[PDB]
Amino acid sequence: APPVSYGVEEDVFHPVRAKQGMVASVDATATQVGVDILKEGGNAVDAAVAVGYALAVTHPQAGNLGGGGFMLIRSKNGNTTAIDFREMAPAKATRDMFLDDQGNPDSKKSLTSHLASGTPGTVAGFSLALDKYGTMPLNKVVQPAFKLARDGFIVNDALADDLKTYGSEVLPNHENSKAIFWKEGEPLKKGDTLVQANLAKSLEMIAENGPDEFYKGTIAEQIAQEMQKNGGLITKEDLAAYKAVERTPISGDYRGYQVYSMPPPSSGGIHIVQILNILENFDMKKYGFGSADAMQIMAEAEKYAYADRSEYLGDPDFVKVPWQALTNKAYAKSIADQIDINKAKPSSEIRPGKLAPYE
């Protein structure tokens, strides 16, 4: 492992610089919400929750209350944890629920119908995090998002372009979605104001009553009704049963660095660590960025990892994932020893690895 560079004036690309706190996100407004929380004395979790609520308003593309995700937290004292707030399949979900007449997957059913939705975990995960690791009450961290929803904000290029391109495919097909995101029969465009009054109500009531508003209260009733009336599965029982799960992060050592990532149900963290384990056997710094040699080694290492990924992963509440064997450095060496810098191995000759010696 060579010396690191934090940045010098001589570089082509310059990092943003700060002395105290920082936030990086896909949306300027949400980033600024997070910085302001930190300015006012909130901790990283406090600001993370505020940014997540902000994006649920300013980045409806992916920021959300109606979806889910993952968080990694590392505290100042070195404790690193993972919060899994991935959506859960409804209790009424079935193995063949997406198959048509002929036994073939129906892509539209799992993408644009009411059966496409899992029980949302975001509000649960944010509150698990805030209650355990934050310092501020939910009402304070939701307030910025509340104001943005109630008062509106100006549509920018990113949101305008997404509304026209991806939004057109799904939003105007539904009265109530069209009522929010369309104006006078066309998508909101750059310079228009997006006001989200119904979403402001939801946020107001979450701030007032806590996450139970989403899982047991008025929002829960609104979700269940939307599902019942339209052939969906998410019930009030599903919403009341939802729980976010704190989990142990996957970790590896790479050249003296400790790398922490998301464990199962992430199919990614384990394999970032695995690929790093493989790469540790090579002098990567010697080949250098964008060299045929480095790209060859990494492409070959990735193949083995992706082949294992296809075989050994699952929801850990349902299956035993051999994470110890997959992150084992002897196993990684056995892979490294197969890599030929001068000859790419066709994927047809690569299979999931034999893990038994490393279990």
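Basically, rigid core = biggest C-alpha set you can superpose within 1.5 Å across the two forms. From 1 onward, residues are counted along the sequence shown.
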query	finding
Outlying stretch relative to shown form, 97-105 versus 217-225 in 8 other deposited structures of this protein, C-alpha RMS (core)	97-105
Which of 247-255 and 180-188 lies farther from this form in 8 other deposited structures of this protein, as RMS of C-alpha positions after a rigid core fit	180-188
Mean C-alpha B-factor comparison - 191-199 and 254-262, higher one	254-262
Between 204-212 and 75-83 (mean CA B-factor, as deposited), the higher	75-83
C-alpha B-factor winner, where the candidates are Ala30, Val319, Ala307, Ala56	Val319
Criterion, highest CA B-factor; candidates, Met136, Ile223, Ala116, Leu171	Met136
Modelled-residue ranking by C-alpha temperature factor, third containing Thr122	lowest
Within-chain third of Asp238 by Cα B-factor, per the entry	middle
Ranked against its chain, the third holding the CA B-factor of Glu300	lowest
B-factor third for the C-alpha atom of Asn156 within its chain	lowest
For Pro144, the third of its chain into which the C-alpha B factor falls	lowest
